[PDB]
Asker: 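My structure is below; once you've seen it, I'll send some questions.
Both counts, for ligands and for their atoms, begin at 1 and track the order of listing. Below, chains carry the letters A, B, ... as their sequence lines are ordered, and counting in each starts from 1.
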Amino acid sequence: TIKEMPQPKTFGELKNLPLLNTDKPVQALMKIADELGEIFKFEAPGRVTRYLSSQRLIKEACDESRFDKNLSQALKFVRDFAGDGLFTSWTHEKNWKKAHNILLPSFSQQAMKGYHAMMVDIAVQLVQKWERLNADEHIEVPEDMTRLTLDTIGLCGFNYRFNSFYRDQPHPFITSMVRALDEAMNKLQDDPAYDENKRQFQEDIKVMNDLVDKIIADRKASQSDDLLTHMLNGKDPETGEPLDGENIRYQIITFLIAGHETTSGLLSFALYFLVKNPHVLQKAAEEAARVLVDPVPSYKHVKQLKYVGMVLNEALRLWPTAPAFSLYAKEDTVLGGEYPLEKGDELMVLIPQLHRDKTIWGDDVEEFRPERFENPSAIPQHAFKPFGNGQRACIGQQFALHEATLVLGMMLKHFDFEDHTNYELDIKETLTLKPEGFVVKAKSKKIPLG
Amino acid sequence: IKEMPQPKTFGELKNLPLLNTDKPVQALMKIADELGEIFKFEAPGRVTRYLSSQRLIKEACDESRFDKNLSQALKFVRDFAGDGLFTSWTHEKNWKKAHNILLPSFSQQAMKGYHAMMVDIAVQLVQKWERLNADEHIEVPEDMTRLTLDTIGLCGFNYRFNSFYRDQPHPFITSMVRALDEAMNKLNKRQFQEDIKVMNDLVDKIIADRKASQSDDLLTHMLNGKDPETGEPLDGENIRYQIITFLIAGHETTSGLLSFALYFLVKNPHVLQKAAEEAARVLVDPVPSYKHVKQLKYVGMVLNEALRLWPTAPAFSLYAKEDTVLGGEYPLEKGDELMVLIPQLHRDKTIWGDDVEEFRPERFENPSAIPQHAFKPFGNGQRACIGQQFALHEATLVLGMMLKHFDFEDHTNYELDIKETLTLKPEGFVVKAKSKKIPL
Ligand code: HEM
Ligand code: HEM
């Protein structure tokens, strides 16, 4: 029953590390997985981790009684500015449970329609921007999606307006965030040239915290019942204390980052797949048209864009924008009845590979067909993990899906899209996935919003 | 006969060391304060005579004796504006031609066609200000320029510059600004030939766009329109000069006007109260209707007084058609140049009284009581501003919505600093706006 774990061989003392010398490490890992199978050990100096690609093993990895969320080296680098926020704290860190309990009601389905109006504000800003384009012009999809998602999390979460649509370049916070996370992902592979880039990592951390100070200072000046309000007032009395200021600043950074990037990616990929599959686009457009009948979409009409939701879930299947998460083995145990694991050992869920499991999805894994999600309960458990797992799963999942569904819905409702460049897919990696350089032309239906 | 007053001369330099400045009109205003209603000004190779009194200017505005002159500035603008309406001689074929062809485009029939689009850009402005955080403030002439440029773009050529989707000025604006810093640099090679590149980015984009698709706007008349005297066309070359012309002339001065108007309103709180009251009482529709804009009488008066104190097109030039005598005192030979120094004119105490520096819109309660040729911010005669009603309509609509939707605050106690670039603007002018929170 015991077996030997597959591994790409070493580069002497660098071990396996020089293989992730690329703009696209996750995709490279995807081919390694295609070659070596459901599981392979990957060694870097001082670090060992095991990549899982099959549902059979991952369903085991998701047993919370045997495995807990691990802070990967990447997450440990992000913690330099995310601190002990929800995303970068250990499960058994006190402030994790404290902040989890305090912030969880802010992601109840109650709060979601407190958020709805504010979501509609930003969505309308996007629609208006596209309506106002001249014929020559085209849409830079992931850029505008980023504008929308960041403004949305800013407004709903902290009553703060980034005003991303009043800028033809990315917002300063965005530039600094992307630079601080591509930098962290650069540290994944201490020399002095790296002194100098550390100086730039401190500067972009500074810039993100200037903004945070603007959100706090703005909150001083006015009455809100949003995420920030719960962070200041909210109380967990298992602990009996409010989140102290430092942690609140970490949570603000955390939610600003996590609460926009992956969703921007998701919307981007979804539009891409829609224009690459014209019929799916027609069907989705039909649903959007039949359902979104109010000048601005109410909430409850957003909830039966079921086919839109399925489209988004399929987009998440093929290219999960948060493409991986790490776990550690609590105690000595055996995985899959074949691979023995010592306490502390790391596992990495290679999510796109998992989602390409032919054992689960059939042989047509590479094709885009949303109807896979017609009967969700047929899908084996732990087979679909775009939002992580268990008690450490994405708290903003409902937020992301509602926003994405609302926006994609209004998009399909208000515009016809055209792949005027016959765009060739090119995926950029920055701990998250995005279709870089993706552009389209949109010709308006001319339905007003009022 | 009498001898014409003149500032001291410095040998070959003549009067030139007296205009060593970034702000010539204001310096000339001081010179006028010193020498009175008329003075000759000599620079090497150039002589012009500056007029400041209504008495003399009403004579200067006699079209049978004086015609529009292209000052050196206008002559340099002519390098990219060519023989468009603003930079062509009256006796050039294309002036009368294009004037006849384009004149109906600024009748009131066309004017309420424009209203909806004006409201479009205006709403974009209001929305921008509604969406500012508490930290933030407004850069007034920058946003006014965004709005005026977008408005003339949409109304004129059905093209959206989308200036409010940029946190920086549109490329055309920057290029234009050094196209006129150019005019006075002449007092950079082909990076000015380059600002010509970009201004015709603009032009080629607008032509190709009109090509690509029911519009009947300025561009439409430029294309179809024809001259009932000659029956001859604006040739393509001239059409592009006219497009440039209307984009330039049709935005900067209006932006300036709105800027100065807001400035004077925040420096004079009671006037702000009355104007705001009119705006609130009249603008009752979610978006302002056409004829309600026409009932913003006090806002119109505010704008007129702002033009009185600082006319954004602050001067214009004339030449003597034939030998003649001016004011029965100063003989002029054919070709001699005159300059109407408009702000001084608007500060003539024989006309407006002794408190000329005060901002009082109520001066314009009865516009027809005001003597003629006393108020000339839009030039004179057949060479007067063709875009006058357009500018005033936009400005009234916009100022009205501004007063209706916001309370304004001079949070820096801004000290007026007027920048001159063929036009006037209050540079660095900033305010804070607190929303009344009235929806649109
Ligand atoms: C397409 C959209 C999104 C995707 C694909 C996504 C994906 C994920 C994944 C995979 C994790 C697990 C990370 C790990 O286990 O290491 C996670 C956690 C998390 N996500 Fe998201 N997410 C999305 C949207 C959002 C939004 C909109 C928010 C906030 C408004 C958010 C906030 C969070 C937080 C706070 C955690 C960690 C919570 C905890 O550990 O207590 N996410 N997400
Ligand atoms: C407050 C706003 C404005 C002011 C103060 C202003 C001022 C003037 C002045 C002083 C002249 C005469 C120039 C000279 O005699 O050398 C003029 C002419 C002209 N203006 Fe305006 N202007 C304004 C707005 C506009 C607008 C909005 C447009 C177009 C949409 C426009 C287009 C023109 C044109 C084409 C001429 C040349 C007239 C001709 O020779 O047929 N202006 N303007």
Asker: State the atoms of ligand 1, each with its element, that fall below the 4.0 Å cut-off from a heavy-atom position in A:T263.
Answerer: 1 (C), 2 (C), 24 (C), 27 (C)
Asker: Any nitrogen or oxygen of B:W95, main chain or side chain, under 3.5 Å from a nitrogen or oxygen of ligand 2?
Answerer: yes
Asker: Return the residue, atom name and 0.1 Å-rounded distance of the protein heavy atom closest to atom 30 (C) of ligand 2.
Answerer: B:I152 CD1, 3.7 Å
Asker: Under 2.8 Å from atom 21 (Fe) of ligand 2, which protein N, O or S atoms do you find? Ignore water molecules.
Answerer: B:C385 SG
Asker: Using distance alone, determine whether A:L86 and ligand 1 share an N or O pair under 3.5 Å.
Answerer: yes
Asker: Could you tell me whether a side-chain N or O of A:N247 sits under 3.5 Å from a main-chain N or O of A:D84, the two making a donor and an acceptor?
Answerer: yes
Asker: May I ask you to check whether A:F81 and A:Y250 place their ring centers less than 6.0 Å from one another?
Answerer: no
Asker: What pair of heavy atoms forms the shortest contact from B:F246 to B:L102, and how long is it?
Answerer: CE1-CD1, 3.5 Å
Asker: Name the closest protein heavy atom to atom 14 (C) of ligand 2, giving the residue it belongs to and the distance to 0.1 Å.
Answerer: B:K68 NZ, 3.1 Å
Asker: If you measure from each non-hydrogen atom of B:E394 to ligand 2, which part falls under 4.0 Å: side chain, backbone, both or neither?
Answerer: neither
Asker: What is the closest protein heavy atom to atom 15 (O) of ligand 2, and at what distance does it sit?
Answerer: B:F316 CB, 3.5 Å
Asker: Residues in ring pair (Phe, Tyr, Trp, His ring centres under 6.0 Å) with B:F161, at least two apart?
Answerer: B:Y159, B:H170
Asker: Listed by chain and number, what are the salt bridge (charged side-chain N to carboxylate O under 4.0 Å, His left out) partners of B:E305, not counting sequence neighbours?
Answerer: B:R308, B:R363
Asker: If you count the atoms of ligand 2 from 1 in the order shown, which ones are under 4.0 Å from a heavy atom of B:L257?
Answerer: 1 (C)
Asker: Go through ligand 2 atom by atom and flag the ones less than 4.0 Å from a non-hydrogen atom of B:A384.
Answerer: 38 (C)
Asker: What are the atoms of ligand 2, with element, lying closer than 4.0 Å to any heavy atom of B:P377?
Answerer: 5 (C), 7 (C), 10 (C)
Asker: Could you find the nearest protein heavy atom to atom 40 (O) of ligand 2 and give me its residue, atom name and distance?
Answerer: B:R383 NE, 2.6 Å
Asker: In Å, rounded to the nearest 0.5 Å, how long is the span from CG of B:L51 to CZ of B:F316?
Answerer: 9.5 Å
Asker: Any donor and acceptor pair, going by atom type alone, linking the side chain of A:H355 with main-chain N or O of A:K385 inside 3.5 Å?
Answerer: yes
Asker: Checking the N or O distance criterion of under 3.5 Å, is ligand 2 in contact with B:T312?
Answerer: no
Asker: For B:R383, check salt bridge (charged side-chain N to carboxylate O under 4.0 Å, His left out) against everything at least two apart and list the hits.
Answerer: none
Asker: Taking the ring centre of each residue, are A:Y115 and A:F399 less than 6.0 Å apart?
Answerer: yes
Asker: Judged by atom type as modelled, is there a donor-acceptor pair below 3.5 Å linking the side chain of A:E429 to the main-chain atoms of A:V26?
Answerer: yes
Asker: Give the atom numbers and elements of ligand 2 that come within less than 4.0 Å of a heavy atom of B:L74.
Answerer: 16 (O)
